[PDB]
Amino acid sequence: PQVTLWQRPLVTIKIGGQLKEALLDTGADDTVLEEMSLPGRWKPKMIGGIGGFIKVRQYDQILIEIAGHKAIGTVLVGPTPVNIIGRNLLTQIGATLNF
């Protein structure tokens, strides 16, 4: 779709068999989701945002369906204010900004 920005660009995602809501976030390099259980092995990682840094669990090669589009890639899990879909997966679903 063509997503306008008068409201937050929130979409439904499916991950680990669960439906969740996430923010399409062009300002994020990486995808970060709120605390949840995910199948594979994970590695401790750090990521930083506007307020500083947090500890996350890094899961590699995870399937996520984003508004009906499949991506398979790295998902970080930790204390984020909201689920955010970053460029690592936005690129997989062919997303661009235009104006």
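In this text, residue numbers run from 1 along the sequence as written.
Across the two stretches, 14-22 and 72-80, the PDB entry reports the greater mean Cα temperature factor for 14-22. As the entry records it, the average C-alpha temperature factor is higher for 34-42, out of 34-42 and 50-58. In the deposited entry, the Cα temperature factor of residue 2 places it in the highest third of its chain's modelled residues. Residue 92: CA B factor lies in the lowest third for its chain, per the PDB record. Annotation for residue 63: CA B-factor lies in the highest third of the chain's modelled residues.
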